[PDB]
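Next up: a single chain in structure tokens, the form solved without this ligand.
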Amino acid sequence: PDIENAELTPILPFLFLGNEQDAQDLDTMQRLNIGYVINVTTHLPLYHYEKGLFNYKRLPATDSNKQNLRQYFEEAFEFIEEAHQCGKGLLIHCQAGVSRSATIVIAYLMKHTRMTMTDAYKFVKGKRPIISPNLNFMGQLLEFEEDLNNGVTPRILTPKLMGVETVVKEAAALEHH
């Protein structure tokens, strides 16, 4: 509880990070032009699925110290890019939007923005303070960051994304860290 009943966080113009609440808030979603959802849990339902409005993708993971989240990065990344590729907004969430969801977004910012693991972590954190991936996930993000830098993973730096202004705010924010 406490500060945990936070508001849906906008990471990028087309990328939002939230909790199981925001996952249910059909009004905000349609308002924000959400067309895609990623549910990073195994037990929560794909809210509003029946309504046949958005496209979904579940990354069946728990916030355990044993969970493998890497296995899902690539997949989650495409789905995020698909939503991007076509003017739709994407909402990613888990339970509290505190550990699992965040790890995915941080990883994302890493792969598509040669941003450091710490910069990405700080960036997302800046916009959503409650953020706190678990040490298991932190290590995976560390490995991932190493993998990116050594090239064993195709870092996609295609301008296919962000417009100038977006990149500027991004850059300006990292300057604050």
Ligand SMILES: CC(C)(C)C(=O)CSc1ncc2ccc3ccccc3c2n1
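One-based numbering along the sequence shown.
This next part talks about the form solved in complex with this ligand, which is not shown.
J.: May I ask you to decide between open and blocked for this site, after superimposing the site C-alphas so that this ligand adopts its pose in the deposited bound form, counting ligand atoms within 2.4 Å of backbone or C-beta atoms with 3 as the threshold?
T.: Transferred pose: blocked.
J.: Please pick, from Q30, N149, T62, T118, the one residue with any non-hydrogen atom lying within 4.5 angstroms of this ligand in the deposited bound form.
T.: After the contact test, the surviving option is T118.
J.: Since exactly one of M138, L53, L26, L44 fits, which has a heavy atom within 4.5 Å of this ligand in the deposited bound form?
T.: Residue within 4.5 Å of the partner: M138.
J.: Is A102 close to this ligand in the deposited bound form, meaning a heavy atom pair under 4.5 Å apart or at it?
T.: Close contact exists here: in the deposited bound form, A102 approaches this ligand to within 4.5 Å, heavy atoms only.
J.: Is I131 near this ligand? Define near as a heavy atom within 4.5 Å, in the deposited bound form.
T.: Heavy-atom contact with this ligand at 4.5 Å: present for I131.
J.: Answer for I92 alone: is it within 4.5 Å of this ligand in the deposited bound form, judged on heavy atom distances?
T.: No.
J.: Is there a non-hydrogen atom of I106 within 4.5 angstroms of a non-hydrogen atom of this ligand in the deposited bound form?
T.: Taking the distances in the deposited bound form, the answer for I106 is yes, it comes within 4.5 Å of this ligand.
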